[PDB]
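K.L.:
Attaching a single structure in structure tokens format; questions to follow.
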4 protein chains.
Amino acid sequence: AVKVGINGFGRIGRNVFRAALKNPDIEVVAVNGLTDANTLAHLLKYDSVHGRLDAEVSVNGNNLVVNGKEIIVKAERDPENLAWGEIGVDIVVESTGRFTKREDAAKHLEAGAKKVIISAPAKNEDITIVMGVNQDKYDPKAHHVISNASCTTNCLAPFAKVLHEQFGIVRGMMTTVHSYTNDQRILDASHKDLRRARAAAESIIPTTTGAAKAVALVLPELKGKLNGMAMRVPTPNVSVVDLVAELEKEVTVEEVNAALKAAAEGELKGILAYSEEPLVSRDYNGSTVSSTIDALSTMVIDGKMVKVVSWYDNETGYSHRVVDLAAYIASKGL
Amino acid sequence: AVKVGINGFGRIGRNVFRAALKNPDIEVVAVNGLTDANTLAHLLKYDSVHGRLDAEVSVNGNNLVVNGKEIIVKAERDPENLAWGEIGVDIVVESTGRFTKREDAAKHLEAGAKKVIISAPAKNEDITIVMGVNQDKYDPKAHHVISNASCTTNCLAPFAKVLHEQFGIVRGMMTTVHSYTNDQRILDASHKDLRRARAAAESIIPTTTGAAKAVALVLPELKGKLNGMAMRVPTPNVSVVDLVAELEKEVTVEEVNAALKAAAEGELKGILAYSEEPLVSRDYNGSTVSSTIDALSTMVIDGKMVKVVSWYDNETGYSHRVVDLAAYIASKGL
Amino acid sequence: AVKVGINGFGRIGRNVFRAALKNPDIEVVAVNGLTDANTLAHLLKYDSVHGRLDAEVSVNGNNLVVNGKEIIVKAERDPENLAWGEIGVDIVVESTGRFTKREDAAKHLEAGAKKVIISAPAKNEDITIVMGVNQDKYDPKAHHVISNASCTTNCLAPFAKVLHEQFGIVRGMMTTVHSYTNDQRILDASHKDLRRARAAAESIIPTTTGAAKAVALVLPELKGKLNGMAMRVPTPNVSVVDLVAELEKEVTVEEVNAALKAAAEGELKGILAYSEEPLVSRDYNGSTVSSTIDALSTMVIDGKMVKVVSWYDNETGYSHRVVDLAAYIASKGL
Amino acid sequence: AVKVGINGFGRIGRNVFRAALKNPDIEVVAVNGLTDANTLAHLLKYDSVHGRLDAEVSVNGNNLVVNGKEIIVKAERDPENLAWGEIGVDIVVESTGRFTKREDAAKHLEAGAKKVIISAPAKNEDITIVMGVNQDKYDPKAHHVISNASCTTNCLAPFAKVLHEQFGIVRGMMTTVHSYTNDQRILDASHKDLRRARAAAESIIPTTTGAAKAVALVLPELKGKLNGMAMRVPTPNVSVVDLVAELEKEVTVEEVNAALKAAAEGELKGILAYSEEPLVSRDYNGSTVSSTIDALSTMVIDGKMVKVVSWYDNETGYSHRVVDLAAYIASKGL
Ligand SMILES: NC(=O)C1=CN([C@@H]2O[C@H](COP(=O)(O)OP(=O)(O)OC[C@H]3O[C@@H](n4cnc5c(N)ncnc54)[C@H](OP(=O)(O)O)[C@@H]3O)[C@@H](O)[C@H]2O)C=CC1
Ligand SMILES: NC(=O)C1=CN([C@@H]2O[C@H](COP(=O)(O)OP(=O)(O)OC[C@H]3O[C@@H](n4cnc5c(N)ncnc54)[C@H](OP(=O)(O)O)[C@@H]3O)[C@@H](O)[C@H]2O)C=CC1
Ligand SMILES: NC(=O)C1=CN([C@@H]2O[C@H](COP(=O)(O)OP(=O)(O)OC[C@H]3O[C@@H](n4cnc5c(N)ncnc54)[C@H](OP(=O)(O)O)[C@@H]3O)[C@@H](O)[C@H]2O)C=CC1
Ligand SMILES: NC(=O)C1=CN([C@@H]2O[C@H](COP(=O)(O)OP(=O)(O)OC[C@H]3O[C@@H](n4cnc5c(N)ncnc54)[C@H](OP(=O)(O)O)[C@@H]3O)[C@@H](O)[C@H]2O)C=CC1
């Protein structure tokens, strides 16, 4: 229903396009990338991780045709030259990873767009929203350049919000055993992060994460109470968060799990999910929720230190949340 | 000079042999497996994880000849029929993974060996030892079936000791991101643990570990103070411990790091290591220590919550421990 | 209609089941393994390669329930004690990998079955059949212990048949760059084959194959004309046969490609397929045909030496042909 | 003795460096990249595939100090601004993959160098040399910009030369099951070759090669009698060539294998090795030789068709021939 555009047709760009296909409220009408329509059609149809797209994918001239609907293809590397206004696009998904500072992503608004959602942590964005945690603090008048946050922050927040509401977190650390991404190297090559410079499918690669910090942007009362690290491992997709927190109240594994299960059926249905099954990561590939509690891994020590473990498909769940935010923003009118 | 017999020439047994060649104090004279000498020489000679053995390996009759010395090869399924006496083996390394209970491991004693080291956590053993932490508590008169704990416990124990001795650990949670081992499956197949039943090279597989609780055997005062889990990921060797604990005292990163570094250069030299280089797991493949602190990852929240990260080559570090334990026992006079 | 029993609920055993679920002409009524119904149930439901089973899988005591249907779960490691005769089973799929010699597979007949399908190259079988190539030679009154050959032979026989009737093969050699299977080791371990004893997910492993001479069994015209090898590589599923051959006739890539495409659209429809898309292995995961020609890879040198590349999902394509042979055999009287 | 400069400090540039350290005739005095000295020295020091370099590496100013010798680090994205002449560099190793047209490679000569070796196949290069095959055609007067060929052409040419010399090649096809390289993609991303645009570690990926045809640039008699393709698999290093040739004379495996053994221990020692061991890829990681015949894989059909399989560590063997060629050039006069 609401016209949308995707700048940067990559892992997240193509996955948002795939998710958009089932949302009614929105309609992706144009996409921009650095490649031709034929490459774009191929990468869109066949995916190593997500499989063959189930739709009629074709190319007419330099315009994609998916299930009969024509999508316009651009190759304008400079975001102010896209002309979103010429084609009616109201929402633009910024997923190139290059325009995360508000002044750059703002170029889309220059080009005619009304709202810009950045699929990554940002700088000086008008607002940071994690669906299920603070979409409500959104104002159509004041927020135009919204950050959807990171995939890691999307997994953690929802169940950090419950844990906090319920038992209260005094402090905690998280580690995300995360699959590799396109920001890494196939074989030892230059990278600013000397660890990410190393062969991705060959080692456990410790790296930084600002996801633990970022959650304070959506859960202010958790400011200065969390921190953590990341460990990129040799799987192509699906990651897991392992949170160890000291709470204010005294609990047991059973009360902690009952709490998460309740939210998963209540307020966070669709965002937070609860699994009591002993699954592995390849089983979460295709998961649309942002966070699935591995109930079997919950642990308590001294009645005050919990260990919660959550799964998340960094591409599918996050892409879906981009679609959700898009459609939510659109419903608040613009 | 002390004759060593190895039962179960697999990953730990072969590596223990490899490590044994570097130490003259002991002499491996016998090895028991369930294949021919020819299959053993090849598997000993070519290692996918560690590379070719630097030494002459040959097959004479059905005994191995490594650097001219002939090693007796046995094919006794039943430990009771090994006759370690007939050939003078003094210490036996029990590395089959099948005889971790006193009932079975003791069969080696009844068969003529004086001491047995189980290269894994055991049941009803005379004593559980982690070198550098409590070997001093070994009693040559009272202890015959010795357990050398697990590779995880060996990693965490030596630094847990430091943090505790000098700071005080109220409570802690751990996660070891572990390479996969031969107890897993290449493709989905039957397994007691439905998690380790899944294709090892394809997923991040959460599983259990008694390592955390096993620290209490070697460090009695940390009984019931720490607990944890594991996450098997797609790498062939090298693992890492992630400990998150609450100290008695309020420290800083530098504070913690100073203590671990000091310990490694003095107290726990050769056992505990300290690294300030941003390395990846592959870099630790071949490392002989038990624990190398990834100093760039030490982290503190509030001054009370610490996160320390430590690398350990699960096969090489551990096997050099088995060799050091076997040399220490023998020094107490068999 | 026909009632089926599966002996060895392995990768092939469970994928044959998944395939059968869709077919009304057959009916899986019981499975045997070396584990409990709860383990089999979980393995049948979550697959690391093919994903979750879209059906209702549950347990009823010791029995499996799948979509309202009850499947008998046994755990008899000796075919002699299977009693298929008692439960009404007509066709038994022998997919353990341990009973491929008539002397062992015929036990199923003695146990009351009417036909046995060996899911691998057999010894002293009654007939080896490659659907599409020679199921026509199947005699219902004479053949009862049937071999469905190997996944590689099922890939190769279809197009070698076509090229041979079309231009006639004079001699050729093939290599199957194959995915690793459960017959290999995770990390270096004992194996009847020292190539296969090496860490599977770590190297390109040359190994032997009987698939190319086995072809002679279904197309005797090609006896002593073909030969070949295999190289197991680090992918969990999907393989590709590489055939280079000397032709009786001089041809063009374009002629060779036209023959193959015609056979796929006509005679060999559903077994031999043809593609002109620039695809990779992950793309053929789920494929039901036995052999898919990668036309872009087709080459010709001197108009006499050709090269033909074909894909095959070693688990799915092969699992579907077992079901196909099951229904064919059935229809011919049982 | 002869001062060398390396341009492009990548997998091939750093490996040539490791090689060069161990060669008395050459001396790398300078390297040019596109990143800071510290990033370069960490990449040189730790290698995920080859290990920790045994030599003291440090960064004195913007220069690298290796084993006491200071190496000049430049960061000129443009060849002619390199001033190789000022610092007295005679031979420049071109390993960026960007200056393969003799016109671009000539810019080094513009900048003061006397000779340029392109570590890849070139366009309009002066002479293409494969060590052991045609280094004798090098003319110190006529040749300035020289191509060392590709790792694949270096594996194929030496045994093709032997086969055609002893038996005579009527024609043949080849396939190099090759490891992935930096020109590939981590996860599905834009690429000129749609096969290479796919996740490198996840699939078997069929691609094209110039190798088989490029053989004629070293062995002209073989012009037109060869062609092949490539298949990159999920291994980080070490490749294998699989040639099936229709020979002129009727031979036996023993005869094909005897001729190869002779040359390996005679005329081509150092370049062609011969193995009768059942080895796998990981075993050739670090081989300096250009081609090792897997004697066990040698097979022949109809007395005229043969298949010979050869291993080659694509980074190390090739990096050792560049140094070799460099040293041979130095010997002929600069
Ligand atoms: N992968 C994941 O798990 C997640 C990633 N993200 C974030 O999303 C962003 C992109 O990541 P991801 O999709 O993973 O990576 P990709 O590299 O797969 O996607 C980035 C895309 O941007 C395209 N691109 C670059 N510049 C332009 C341009 N100027 N105009 C048009 N297209 C352009 C690139 O095209 P080309 O390839 O031609 O260079 C590429 O297709 C980053 O901010 C990342 O941190 C957030 C959550 C999850
Ligand atoms: N892998 C690692 O990183 C570490 C492992 N451990 C422990 O070490 C032990 C071995 O593990 P790992 O080395 O990985 O396993 P492996 O599976 O590689 O080796 C096990 C060996 O035991 C042999 N074996 C089994 N039964 C017998 C028997 N009855 N008589 C003689 N030989 C026998 C096997 O022969 P065959 O192969 O023919 O079946 C096999 O080589 C386990 O207890 C494990 O928990 C502890 C620390 C680290
Ligand atoms: N995988 C492939 O790509 C293909 C394999 N094949 C052939 O299929 C056959 C099966 O192979 P695959 O599916 O890969 O292997 P798996 O190991 O997964 O399956 C073998 C099944 O055999 C079971 N089994 C072993 N002994 C018994 C017994 N005595 N009684 C009951 N069940 C038993 C195993 O149980 P458990 O694991 O609990 O011990 C397992 O469930 C082999 O002949 C193989 O050559 C043919 C085409 C394709
Ligand atoms: N890899 C192998 O197995 C083999 C490769 N080759 C050939 O070697 C060449 C490079 O291969 P490989 O090492 O694999 O690739 P890499 O990408 O690892 O190396 C490319 C190197 O060149 C650098 N670079 C790029 N442009 C410039 C520039 N303008 N000035 C200075 N430095 C530059 C890159 O730096 P940066 O990373 O910061 O961009 C990088 O260090 C190619 O021609 C390849 O075909 C030949 C035999 C074997």
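Cβ sites come from the backbone with ideal geometry, for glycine too, and all protein chains shown count toward neighbours. Each reported figure results from applying straightforward, stated rules to the coordinates on display, with no laboratory input.
K.L.:
Sorting A:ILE26, D:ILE271 on the 10 Å Cβ count, fewest up front, what's the list?
P.N.:
If I rank by nearby Cβ atoms, fewest first, I get A:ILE26, D:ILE271.
K.L.:
Right, another one. Tally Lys and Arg at +1 and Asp and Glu at -1 over the other residues with C-beta under 10 Å from the C-beta of C:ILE301: what net charge comes out?
P.N.:
With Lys, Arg at +1 and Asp, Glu at -1, the net is +2.
K.L.:
Separation of region D:71-104 and region A:276-334 by C-alpha centroid, Å?
P.N.:
Taking the Cα centre of region A:276-334 as reference, the centre of region D:71-104 is 51 Å away.
K.L.:
Then there is this: Of D:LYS161/D:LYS332; C:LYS213/C:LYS261; B:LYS101/B:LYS307; C:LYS101/C:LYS225; C:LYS304/D:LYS269, which pairs sit farther than 28 Å apart, going by alpha carbon to alpha carbon?
P.N.:
Too far apart for the 28 Å limit: B:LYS101/B:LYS307; C:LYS304/D:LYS269.
K.L.:
A further question follows. Roughly how crowded by other chains is peptide D:164-174, in terms of the mean Cβ count from those chains within 10 Å of each of its Cβ atoms?
P.N.:
Per-residue shielding by partner chains comes out at 2.
K.L.:
Each label point is 7 Å from the Cα along the Cα-to-Cβ direction; what then is the distance between the points at C:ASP54 and B:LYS269, in nm?
P.N.:
6.6
K.L.:
Can you work out the Karplus-derived ³J(HN,Hα) for every residue in region C:130-141? Use 6.51 cos²θ - 1.76 cosθ + 1.60 with θ = phi - 60°, whole Hz, and x for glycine or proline.
P.N.:
Couplings: 10, 4, x, 9, 8, 4, 5, 7, 5, 9, x, 8 Hz.
K.L.:
What gaps in nm, shortest first, separate B:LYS22 from its twins in the other copies when you place the label 7 Å past Cα toward the beta carbon?
P.N.:
Taking the point 7 Å beyond Cα along Cα→Cβ, the inter-copy spacings are 2.1, 5.4, 5.4 nm.
K.L.:
Let me ask another. Using 7 Å Cα-to-Cβ label points, what is the D:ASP183/B:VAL253 separation (nm, one decimal)?
P.N.:
4.1
K.L.:
How would A:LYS225, B:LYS114 line up from fewest to most surrounding beta-carbon atoms within 10 angstrom?
P.N.:
Fewest-to-most ranking of A:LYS225, B:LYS114: B:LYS114, A:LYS225.
K.L.:
Which chain C residue puts its Cβ closest to the axis that rotates C onto A, and at what distance in whole Å?
P.N.:
Checking which Cβ lies nearest the axis yields C:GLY51, 5.
K.L.:
Around D:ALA30, which amide H atoms from residues at least 5 apart in sequence, or from another chain, sit under 5 Å from its own amide H, with H modelled in the peptide plane?
P.N.:
For D:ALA30, the qualifying residues are D:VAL4, D:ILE6, D:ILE72.
K.L.:
Can you give the Kirkwood hydrodynamic radius for chain C, in Å, rounded to one decimal and based on Cα pairs?
P.N.:
Result for chain C stands at 20.5 Å.
K.L.:
Continuing with the same structure: If you put a point 7 Å past Cα along the Cβ direction, how far is that point for D:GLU80 from the same point in each other copy, in nm, smallest first?
P.N.:
When each copy's label point is compared with this one, the spacings are 3.3, 8.7, 8.8 nm.
K.L.:
Another one. Could you state the principal axis extents of the C-alpha atoms in the protein assembly as shown, from the largest down, to the nearest angstrom?
P.N.:
Between the extreme Cα coordinates on each principal axis of the protein assembly as shown lie 84, 76, 70 Å.
K.L.:
Using each residue's phi in region C:68-75, evaluate 6.51 cos²θ - 1.76 cosθ + 1.60 at θ = phi - 60° and report the 3J(HN,Hα) Karplus result to the nearest Hz, with x for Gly and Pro.
P.N.:
x, 9, 9, 10, 6, 9, 10, 8
K.L.:
Length gain on complete extension for the stretch C:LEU34 to C:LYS123, per 0.36 nm per residue less the alpha carbon to alpha carbon distance?
P.N.:
Length gained, C:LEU34 through C:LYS123: 29.6 nm.
K.L.:
How would you rank B:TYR274, D:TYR312, going from fewest to most other Cβ atoms within 10 Å of each one's own Cβ?
P.N.:
B:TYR274, D:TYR312
K.L.:
Also: Would you mind checking which residues have amide H under 5 Å from D:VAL65's amide H? H placed 1.01 Å from N; only 5 or more apart, or other chain.
P.N.:
Placed amide hydrogens put D:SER58, D:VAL59, D:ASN60, D:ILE71 under 5 Å from D:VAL65.
K.L.:
Checking the table B:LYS123/C:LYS45; B:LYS22/B:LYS115; B:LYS192/B:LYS223 against a 26 Å threshold on Cα-Cα, which pairs fail?
P.N.:
Pairs exceeding 26 Å: B:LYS123/C:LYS45; B:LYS192/B:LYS223.
K.L.:
Could you give the length gained by full extension between B:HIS191 and B:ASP139, i.e. 0.36 nm per residue of separation minus their alpha carbon distance, to one decimal place?
P.N.:
Gain in length upon complete extension: 14.9 nm.
K.L.:
Using the Kirkwood radius built from alpha carbon pairs, what does the Stokes-Einstein equation give as D for region D:90-217 at 37 °C and 0.692 mPa s, in µm² per second?
P.N.:
After rounding, the answer is 199 µm²/s.
K.L.:
What's the average, rounded to a whole number, of partner chain beta-carbon atoms within 10 Å of each residue's beta-carbon in A:301-309?
P.N.:
The mean count of partner-chain Cβ atoms within 10 Å per residue comes to 5.
K.L.:
Based solely on its DSSP helices, what 222 nm [θ] is calculated for chain B when runs of n ≥ 4 H residues each add -39,500 (n - 2.57) and the sum is averaged over all residues, nearest 500 deg cm²/dmol?
P.N.:
After summing the helix terms and dividing by the residues of chain B, the value is -7000 deg cm²/dmol.
K.L.:
Also: Within 10 Å of each Cβ in A:40-50, how many Cβ atoms from other chains are there, averaged over the peptide?
P.N.:
Counting other chains' Cβ atoms within 10 Å and averaging over A:40-50 gives 5.
K.L.:
Follow-up question, since we're still on this one. Report the label-to-label distance for C:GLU76 and B:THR208 in nanometres (one decimal), using points 7 Å from each Cα along the Cα→Cβ vector.
P.N.:
Spacing of the two 7 Å Cα→Cβ label points: 3.4 nm.
K.L.:
Taking springs between alpha-carbon atoms closer than 10 angstrom, which of C:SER190, C:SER291, C:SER281 fluctuates most in the Gaussian network model of chain C?
P.N.:
C:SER190
K.L.:
Moving to a separate point now. Karplus couplings for region B:287-302 from phi (6.51 cos²θ - 1.76 cosθ + 1.60, θ = phi - 60°), rounded to Hz, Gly and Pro as x?
P.N.:
Computed from phi, the couplings for region B:287-302 are 5, 8, 5, 9, 7, 10, 6, 7, 4, 6, 9, 4, 8, 9, 10, 6 Hz.
K.L.:
From the label point of D:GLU250, set 7 Å from Cα along Cα→Cβ, how far away are the matching label points in the other copies, in nm, ordered shortest to longest?
P.N.:
2.5, 9.2, 9.3
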